[PDB]
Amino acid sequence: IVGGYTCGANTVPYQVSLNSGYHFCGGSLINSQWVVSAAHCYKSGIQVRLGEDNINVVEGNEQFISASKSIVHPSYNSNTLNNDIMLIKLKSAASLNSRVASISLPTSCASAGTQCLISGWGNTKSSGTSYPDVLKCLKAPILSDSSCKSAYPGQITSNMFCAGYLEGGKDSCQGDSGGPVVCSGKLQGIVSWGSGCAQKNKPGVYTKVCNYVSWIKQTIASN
């Protein structure tokens, strides 16, 4: 996250880190047994790490749980990043507590101008490389679909939305992929792609979760 702030430990309790020997993607806990992330985060041998703040220090509220099953969206297209969403099932149920909490699926889509919370452990500089070890947070609004389509002609689908600031300076970035975008207490977005980070007239692009709730609910009940 570029231009954000330190969230505070476990102030974002649905936040997970996907770990394959190292942190490589964010994710969101949606119930005690299931995590949602980005399809581009797909890999084998994933361990899900819950209750994290500093991802390099064991602080006492962590739960480390291997994934039993991963399900990439059936229509995920790696070239265009359409349908950039995946479900991960935990080998054993997480223990929910103040520090580890699930986030609610939306009942409707969010409107442009709605304020959202984006979080993650990704790079914090737009120019350089600097990875934080504590969770960073950014408040950002959903942009109008026409600002979004203007920035990225021919690349935005109905399953994507843009959020951030056209002036640049504040954005998600490398290492934040798969993480949550929470607006009005509901998961509305997944960190998906962008061009650079925090560059002018290049806002972040997010998977539009409100389009997938039926698929999510049907898939978790069948697996």
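For every residue, the number given is its place in the sequence shown, counted from 1.
Stretches 63 to 71 and 43 to 51 differ in mean CA B factor, with 43 to 51 having the higher one.
Higher mean CA B-factor, judged across 124 to 132 and 98 to 106 from the recorded values: 124 to 132. Taking only the listed residues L187, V35, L166, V191, the entry reports the highest CA temperature factor at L166. Of the candidates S119, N82, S111, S147, the deposited coordinates give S147 the top C-alpha B factor. Annotation for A140: C-alpha temperature factor in the highest third relative to the rest of the modelled chain, per the entry. Ranked by Cα temperature factor within the chain, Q199 sits in the highest third according to the deposited record. Among all modelled residues in its chain, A9 ranks in the highest third by Cα B-factor. Annotation for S172: C-alpha temperature factor in the middle third relative to the rest of the modelled chain, per the entry. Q155: CA B factor lies in the highest third for its chain, per the PDB record.
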